[PDB]
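Chains as they are written, first to last, in PDB author numbering: chain A, 2 to 95; chain B, 78 to 91; chain C, 1 to 56, 63 to 1118; chain D, 1420 to 1502; chain E, 947 to 954, 1017 to 1104; chain F, 3 to 106; chain G, 1210 to 1262; chain H, 54 to 105; chain I, 314 to 379, 399 to 423; chain J, 527 to 789.
Just so it is clear, CB atoms sit at the ideal spot from N, CA and C, and this is done for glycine as well.
These notes are about the structure you will find just below.
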DNA sequence: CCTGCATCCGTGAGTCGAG
DNA sequence: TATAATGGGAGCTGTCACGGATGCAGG
Ligand SMILES: Nc1ccn([C@@H]2O[C@H](COP(=O)(O)CP(=O)(O)OP(=O)(O)O)[C@@H](O)[C@H]2O)c(=O)n1
Ligand SMILES: [Mg+2]
Ligand SMILES: [Mg+2]
Ligand SMILES: [Zn+2]
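Encoded structure:
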């Protein structure tokens, strides 16, 4: 099972909302190159390779792990889409 | 019903 | 090793030739070895006799016919993609009525495909088998009216496509009605046409109360047969001008003419036997002395009225009774199509007779054979009853030739087939197998012929019985139909016998199938053998009496799927039928007469018989079968060996010393192992692979052609644009891979180049051209490459070219190349194994020899079966087979245990007792006592009540060994299993389903024309179908984007899929999916139906999904 | 009015759903004559057009949900506080 | 746990009780008797099969069994399409 | 604009003609020798579209620089070949015919 | 499935149809195992009643 | 670990004048027990030439 | 010609036309082929001076779709022998 | 109208129907212009009506139009739209999909409830466009096309690309589906574990829910592409995530067979 | 002529795989 | 481009159960 999945289901009024949130967050992390992450360097998900520990390429794992910490705000009509896009393009350019 | 039989009927009129 | 056999029943007669249902039939139909004047009225002779003479003037008549020799032998037909056939010549004579001039000639009608020695055909290079077709035997039957309780329906049935069915009924109002071509009319009228008068019908039919009164119509008798004929003609043919000769022609063609209406000889015989009359012809009525003379109708109506009246001696006909159902064999099925093509040929003859010069014409200019050739070719190619031969192992072919189908032309259609049709009739006894039949949609429709069963000239299945006279069983053997069988009280074959006298006071017997206990004085006949009740395959299952029918079915069907193994062994416990199967399959090679072996080679065997003549038998070596299994013969004799008549020379595929070897004999233990055998899964030993058990050779054929194109010709060449020497390494000078080269997926089997289409190179391509500096090449690389997941060693190559002697391809084709590539497949995880008792499972694990459970003396088991498979399936045979196997392991001997006369429990107890001495006493002589572990196991067994407490450990180990259970040590721990485990030799086969063939995966690939969706199948490198129900699954999960991906990006959305692939290879997220192409196809197809389908926005304005492409 | 599953399924307001079940010719003639509009309410209709099904993560309820980190939230809040 | 022919804490009893596999009727057929059979018409044979799979069946008894055996076999291969049709109809009516 | 609706209705002959890029006259498919679409045939490029992307039947204009241009020689519009899956043709009947769906 | 209130947006109809249909189809293709049995053969006589309703 | 035979291209061949096929011959060669007297010796090619 | 609806198998299940691929429409890997080709050609053209860029791209038709010519030819021969990675596009 | 592999031609029946219609319309026009009698024009118009009938719906009225020397009724537009093989049921409500595969199933006992054994050979093809980009991110290939051309020959495949594939599938899940799919549990999401060999390893506990046994049943695999589809698959469709039957609410993944036996 | 029952006609009849 | 010729031919037969319309005898 996904780590702490019960808690994640606890956070939302509908499981599908959790899925949407995780997906969107993953897309945000992909677009900005994990620059906008709410995770500390030691909280970062890791992947074991032939060499050693590297950054976990999976954006969904990242998104769920972030979502577990409570450092993210999710809901409906938080901010107009365009303004969000532009602000995040300022804070974390591609 | 059958087109051919109908044509053969219309032909037997003349 | 010694073969010890059981059973108290002595089989009086051997098995009839197993393939005779094909051979005897087709030989009967061709009559090639019978002199033309001594030929009978059956077969293509019959067809010629019915078709000719052809009149209208000129009269063309049939004199004789002959079959020539095959222009090519079987093997050459197989290689060159030809048909094994004989030329058919026909001597006919043109006779002028006026002139009297008689011009006689022999015209060539084309070729008739010939049946091989084993009973198959070669059609276009491929081995095929014509499957025998069961159907309702023509005749006159009487069945109760489903709606009306006290009334009956008479039915007059001819052969299929031999003319119309006719139904005679007694209507509520009392009049007798007749149905022909879905039209009801009073029978009185037709009877008046036949010449019947009120006097005749009154005196004949008067004995039944009021029945005849409905047949009485005063207005009908008021008119002579002519007015009745024209009246009937206007009834059956409205709108048709009622000319007299037209009515005569119609009624004659319908009810009379033998060239149109034809009963079978079975139909004639059944009509005679039932109605109690004598038919002149095979037709319902005759045209004689210029009038209509009845044959069938009056006796039929008589029987109908007698039955309705309740007159004793009249019964309804069970139509599923095997006396009312017959088999159309290969001869009949071919003969009918020959007849069709012959009648068409006749139409051509008349058509060419009316035209042209009436003076100069010859049978050569009259006769066009094309319709006949086309009829026969269409039959042997595109018929449902013509099936691609299953040669997987000899038993596959043998069974395939014995198949019986209710499907195909003239027979049932699916969802025309009720439960009655599919049922097992009491008359199937000794005739059709109650067990063997497919699972699924075809159950009851496809069946198999019983072992001792025979099909007579009439098409009815007959089974042998033994005459019993006054408690004395004679050796007289009578082959009976079902009808004949119903007449006698037939005792069972297992009834006690002292000599030929019945030894029991009470004997089990059958009267019309009904089981009954009788006295020996009442026994009229007796069953030959239990073996006659079941098919060949079902007869190969030992302890079948201990198996449930449902699993026995699967065990029976899976032997057909067994792959030939290089190490193949005959079963430890056989049924005694294992040799006859190999013999009659003609897989093995046998010595004709007595003699001495001159030469023994891998490729050939030379024998000098008593005659002194030198006979050389070439051996078939590494020949790929239809199913891709290697079929090759290996020599079983040595130089100078003295051989008798029928002695074994070479062993065929899946054969050991003339015995049928479908698999290996392995040492198995029945016990759960770490969930690796969980749910039918199977654990095997690596030592099975070490010694090459379950290892099979498979050869695949790859083919490629180079033809002429309007853009210029393709050609096979070693010169392939833009390829390294590493790629062209194994290619010879001609461009074809060398023999003995290893090939892996991606490797080139045959190099080929094709001229590119008219091509406008994009500026980028031109840039690359200039950049590399090498000029653009006219051709492109089309070469045949090894498909994914396939490969092997190239064993053979074949090259057919245009302009080569004896070589002619299809029009336009320059050359054709075949490459035969072979591989040696071991047993791997994912491969399917099965025993003969219906226990099937996939190998889920291959353990090293140290992990495997082992006997105290160090012997590890080969296979670990799960006991959880046993109790639900109720097949106990595999248990017993194991027990008798265990003894057979230690006593070093095989066994023959015939079905239903077997080795019983006490015998196997004795054998196990004898084997226990070799198993233990050896240890006691080696200076070894009982192990501590064995003591513990014996303690647990004492608590289990498996041994009697207080006895010495040896006695208890014996008591366990007599139960077929032994002490087993866990390979990993060394600690014994906490209880005794059943261990012993079982016969297991590797089936044709191997994970190596079945594994498939696709990222992107070829797409369909119209739908622009991925193709299907592994062969096409297609995608898996996501159907309605899978979509339902995703919907129920509520995964929207996954589903949308399935419906757009992953299938038909072209922009979406291109952009998706491009986004994935760039490392970005997949794009938003757009409108799927199939919906566009739907819209345009709806438009072609003149319906406008508009996609709209929320404001009710048109939205264009064609992006302005379809709008002017 | 009580009617069985089949007639109830053919009587639905969506012609795209009905025509994909049974009696396609009947459904399509009736609809084409009536000039029926499909509002794409149900699953089958959207599945045919390859749209996002109005259920699960395609539900209008949960599909408009936004996710934002605190930095961006307070930043947009500063941009709002400014003007 | 193992299956010998002599079983008829017994493995069959264990597997049937625990729910691992098997049910009492199948066990009874393995051990005590097969029981009455069915003529294809739906009628019943007067002679019950007195054999058990351990004892082994006579050819006659086997042939008697084959009737009901195939009657059952045809049902599963026919009636199945009737069920999937129902399911599809249900989906079609409830999908929105 | 996102598609929110799908409307189905009868098509007037005028609408059917407003769909068509030309009338299909000859009952011909392709030339036996050239295997090219026959003129005014079921496959004709002058109606439905170019077989190959941005090229006419004669070959006067082979590039993308011409789009929407109808070659005066072979009468073929130069565009993407995909339009052969879209653009409708039509047949003008001498006598009207009853759509069987609304009859039977 | 989750032992808790249904999540909004779940497709209820499909789940219902599947939940009703599944046992019908499964029980149909299961093996009959004759003997000790008579009459209408359980599942096969039950189903046409369901379809009747 | 390996077998070479004169005038034999692959494992699926047959040799004229020989009863066994190549596969069976190799199967027999697998049962061959070879003992190295020299600890350091890792590999040996055995030669066989026979006729008649 | 033969019909695409020619029945394959004994049943009503599949048609002969379901086994025929579409050789016209480029598979995603082909569109990606054109894309990657134009991309690699654009990025490896760094050698180009501007005049030789416009004139040599007019030579190969990379602009409007249709002495310095020689120097550009020679420079392209120079950069071909360089990275040795463009072989893949050349089939 | 398309040339097949063999150089021969394949064509739709709609072309033949359209041919009939066009021919009869032309003949009707010519007969009109030439002042044909009544009966002739009548029969011609009838034939035209039956040609339009044949085109739109074939076999609807009268005997169905067939090809010469053939009993096969031609396929009209109506036949295309409706039916089990019809455009709706076949090509719309369900489709054949890319990024999919299938194989024989074998039981790994050793898998966790959320895992399934995925053959390397399969995952190679399934995940291919990701593996290409990964091979580009490392020094395994010069670029994407080089990487793809590299995997075409099996002997051209080295060891490092396998580790690249290991890096590719990390955290991701696939979908296992066994036909028939009776309820929504006929498809479940599993985090794949690359295995040697050609068979899919399936966890014992999901068997009962799949109604899958080891006698040779096969399963199909699918790869959700998007971060969204992956989110849906992992959160909603994970095997370990659905432990109870949506039908009865009772556990659908429970000890069975050998497990119950041992316990 | 209005109601009711008998009869005709059209419409359906599980999934995936392989051929 | 000219003796005269003047109404076709195959048929596919052993399912079963339904909704809706259409028709006929009866109250
Ligand atoms: N036509 C078919 C045939 C089979 N199947 C599926 O394959 C499974 C095994 O059937 P099966 O016949 O191979 C064994 P089973 O019926 O379970 O008897 P047993 O337990 O004593 O071994 C069934 O449960 C169906 O889900 C199908 O969907 N369609
Ligand atoms: Mg199974
Ligand atoms: Mg089962
Ligand atoms: Zn042009």
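Buried versus exposed, by CB contacts within 10 Å (16 or more), residue i
i                      : result
residue 330 of chain C : buried
residue 703 of chain J : buried
residue 343 of chain I : exposed
residue 103 of chain H : exposed
residue 570 of chain C : buried
residue 735 of chain C : exposed
Candidates the options: closest to residue i by CA position
i                      : options                       : result
residue 848 of chain C : J:610, J:645, J:630 and J:762 : J:630
residue 498 of chain C : E:1054, E:1045 and E:1069     : E:1069
residue 768 of chain C : I:364, I:356, I:351 and I:404 : I:351
residue 112 of chain C : C:126, C:15 and C:97          : C:97
residue 430 of chain C : C:539, C:507 and C:502        : C:539
Rounded C-alpha distance that separates residue i from residue j
i                      : j                       : result
residue 472 of chain C : residue 484 of chain C  : 6 Å
residue 679 of chain J : residue 673 of chain J  : 11 Å
residue 61 of chain F  : residue 775 of chain C  : 23 Å
residue 258 of chain C : residue 291 of chain C  : 8 Å
residue 420 of chain I : residue 1007 of chain C : 25 Å
residue 950 of chain E : residue 1018 of chain E : 10 Å
Which residues DSSP lists as bridging residue i, in chain order
i                     : result
residue 92 of chain F : F:25
Positions along the segment 126-153 of chain C whose CB lies within less than 8 Å of some CB in chain H: none
At a CB distance below 7 Å, what residues from the segment 569-596 of chain J approach chain F? Give them in sequence order. 571, 574, 575, 578, 579, 582, 583, 586 and 587
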